[PDB]
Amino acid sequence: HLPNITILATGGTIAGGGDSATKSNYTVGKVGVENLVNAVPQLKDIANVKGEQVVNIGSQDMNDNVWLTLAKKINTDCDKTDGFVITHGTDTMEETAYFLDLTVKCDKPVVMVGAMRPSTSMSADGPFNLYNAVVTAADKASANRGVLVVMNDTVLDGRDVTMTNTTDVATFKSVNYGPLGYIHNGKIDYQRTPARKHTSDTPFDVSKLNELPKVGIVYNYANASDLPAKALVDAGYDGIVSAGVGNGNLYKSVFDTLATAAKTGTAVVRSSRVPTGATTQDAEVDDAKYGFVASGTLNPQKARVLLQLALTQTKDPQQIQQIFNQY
């Protein structure tokens, strides 16, 4: 009769700990899901919570196998529950949020949440962030909006959400298109929803996949080395994402290596190290001439999520561009 709500715990600074409340030092992986739930007894006011510990890692070590395990579990257990919260490291939550946004086939709410302060800190942000994540997953209006991230009283879509600051509790922002809703006193005023296709409206199906296509990221800057790009090509990577300078521009020697790569079986996506705004067509690079794909507003690490999934469907740069214009 209260919403049934599953928490899938993956680790992160929300389950991490230091030897002092008032020193910054901490390590991830100290606290199980039972202990987090128990630190918020007010959850039983809003939901019937069930917690499982899928893994316990720092999200700096998030990987393809944990992504597959999560998407598979959510997809199989969808019918058991009214929604899911995933407790997660903050460092790569914006990656896992987008991978689930594209492969989750459950249109029931799936809410990701972490903490910028360890469980042991003075003014720890984890307990209230977890409360609000359950408020969100239990809100009937949260369904059909794609996979969500809830941080600092804010409901953010999985596609546009990113980290803006290294330490600030208020780091997570949807920096191009804004947030979906604000949470106040356990109620959400939703004024937006992602137009890009997600969840059950995407062709991606990882139900029977045990690995993903290999996709690396190369940085651009003055005097950039080509050695990173060469190393990925030498290893037969399925794709490379460029964190370009400005509007996805390539240092000349990186450009040389990725042009060869795009014409010899490696997919190439131009994104940007710049934190907001689209990597666009119709600027300084004719993507189609090189066989590149322009990432749009997807940053390097998001573009790598969508490129891995595009490559389960096609190697064709025109098709990949069509997928980067729809998802």
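Residues carry their position along the shown sequence, with the first being 1.
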item	value
Stretch exceeding the other in mean C-alpha B-factor - 205 to 213, 159 to 167	205 to 213
Mean temperature factor over C-alpha atoms, higher-scoring stretch between 72 to 80 and 144 to 152	72 to 80
From 279, 260, 27, 276, residue of greatest CA B-factor	27
Cα B factor band for residue 302 (lowest, middle or highest third within the chain)	lowest
Lowest, middle or highest third - CA B-factor, residue 87	lowest
Third of chain Cα B-factors occupied by residue 253	middle
Among modelled residues of the same chain, the CA temperature factor third for residue 98	lowest
Third of the chain, ranked by Cα B-factor, where residue 115 sits	lowest
